[PDB]
């Protein structure tokens, strides 16, 4: 039995006042609507975790994440944030390997495993992001490329550490390129992922992992995307910044 998850990735958006307004609206609506079978995760910038954690309070099904963490435990890494820091501030999730960090900071598969180890070591549920860019699609090697990403970063994990992870598939090729990904293409990639993970850990273990769609996911298309059997929710982008749109997506299962 997988969990349905909606993870809001604010990215580098919102100052203190704006983050408080957004959070308070989401918490109020989540506490009043008492959504039963969906885990919601707010992934604001580092600076927001402490006050956002406070607004969440003891809301059921609402969790605090984060957008990145160091592969190191602690030390002389000015500007970096460790997994132990995130946990201490109330984080229980952490996005690892987002396309935008692979791109601008050249996070390779080895580095992302180190991050995974730190997250798991510190009680964080990693949201491990994979996905192929447009060149990979144009080469027709998209399914091998994404399965290759998963093999190099995840197939070192124990059976018990694997059961702790969440996957997000980002159709990088379909974001700002003029190419579009259909809900069938998302289901196609998600199933390719689950079958690949089952090949190593067994079908029962693969059938418990939440694989979230990380492409363009909004109130308009959320129901159709979430309707797919191997899509277990979404890693939301710009709709994370609008409390109403975010709640609409949450209510789309």
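Positions refer to the first chain, counted from 1.
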property: 118 to 126 versus 102 to 110 - which carries the larger mean C-alpha B factor in the record; result: 102 to 110
property: Given 34 to 42 and 222 to 230, the range whose Cα B-factors average higher in the PDB entry; result: 34 to 42
property: Maximum C-alpha temperature factor, selected from 141, 82, 92, 88; result: 141
property: Ranked C-alpha temperature factor of residue 97 among modelled chain residues, by third; result: lowest
property: Ranked C-alpha temperature factor of residue 51 among modelled chain residues, by third; result: lowest
property: Cα B factor band for residue 65 (lowest, middle or highest third within the chain); result: lowest
property: For residue 77, the third of its chain into which the C-alpha B factor falls; result: middle
property: Modelled-residue ranking by C-alpha temperature factor, third containing residue 215; result: middle
